[PDB]
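Worksheet: one structure, shown below.
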Amino acid sequence: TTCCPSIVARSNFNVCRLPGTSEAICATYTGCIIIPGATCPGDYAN
């Protein structure tokens with residue numbers, strides 16, 4: 001599950017994924033994170 005720290009970070013993550021870029025690279029590029037569960041924390045609310 002991916003969790004992003006702001007709306008702009010999520011929008012950038014979604015563009016990063018368009019060509020098929022791995023989630024892990026789009027995470028470090030944008031500041032979003034990947035967690036094994038389904039429940040994003042309050043500081044990664046987007």
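Quick note: the sequence shown uses the authors' numbering, first residue 1, plus one each step.
The beta carbon of each residue, even a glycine, is placed where N, CA and C say it ideally should be.
Query: Cβ pair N46, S6 closer than 7 angstroms; Result: yes
Query: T21 in three-state terms, based on DSSP; Result: coil
Query: Beta-carbon proximity of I34 to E23, cut-off 7 angstroms; Result: yes
Query: Short Cβ contact (7 angstroms threshold) for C32 with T2; Result: yes
Query: Contacting residues, own chain, Cβ-Cβ under 6 angstroms from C40 (five flanking each side not counted); Result: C3
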